[PDB]
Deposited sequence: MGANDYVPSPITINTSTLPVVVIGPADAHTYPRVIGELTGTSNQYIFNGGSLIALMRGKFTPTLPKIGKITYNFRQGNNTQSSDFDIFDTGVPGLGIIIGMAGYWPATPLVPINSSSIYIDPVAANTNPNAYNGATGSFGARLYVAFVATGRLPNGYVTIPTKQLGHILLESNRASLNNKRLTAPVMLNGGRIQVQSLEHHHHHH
């Protein structure tokens, strides 16, 4: 069908955080390996102008200034810290369009357009017409309080969802949504 786009998750893995070798709160304690999915929305037979609105759905504890080593931003920005549920550990999130020239968008509001970033100040801006919508995902872990030594399990958490919007009413009205996931895993703290 013309509008038969279907969602697919985009996921990033706790298991890629290096060992945290250790006091200031909050502070970033490492970055996960950034991930990407070219086909978060895909499958409709008629090309469309599309955009993705990200809404985080974990508790927001506060803000921290940061500049991802990954991505190409040269200035620090404010990021919302989201509660993993594990005491002392939060995450911050950036997202971007799929292709490398689009900028990392810090998640620091209730919702934001991750691509095109122009849509945050122009409600009629969309990606150029094509058959898919993808994105890049960046996450860093944040010490929000004192951490014990040793291994810690992080549960799998849904960080939020991307809503597909379009200037084609029939596609926009479907309110297709795709999950943005933190795959759980183990981290290790070494307190010397």
| query | finding |
| --- | --- |
| Ranges missing from the model, given as deposited sequence positions | 1, 24 to 28, 199 to 205 |
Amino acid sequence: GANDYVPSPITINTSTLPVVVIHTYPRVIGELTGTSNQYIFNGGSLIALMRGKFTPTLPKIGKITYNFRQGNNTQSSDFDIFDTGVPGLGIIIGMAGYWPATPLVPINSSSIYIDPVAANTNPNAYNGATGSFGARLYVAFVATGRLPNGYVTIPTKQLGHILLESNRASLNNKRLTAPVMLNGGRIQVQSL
From here on, numbers count along this sequence of modelled residues.
property: Gap at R168 across at least one third of the other PDB entries; result: no
property: Higher-scoring stretch by recorded Cα B factor average, 66 to 74 or 33 to 41; result: 66 to 74
property: 105 to 113 set against 88 to 96, stretch whose average Cα temperature factor tops the other in the entry; result: 105 to 113
property: Selection by C-alpha B-factor (highest) of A169, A178, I12, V21; result: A169
property: Of the residues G134, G150, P155, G131, the one carrying the largest Cα B-factor as recorded; result: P155
property: Cα B factor band for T144 (lowest, middle or highest third within the chain); result: middle
property: Chain-relative CA temperature factor third for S8; result: middle
property: Among modelled residues of the same chain, the CA temperature factor third for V189; result: middle
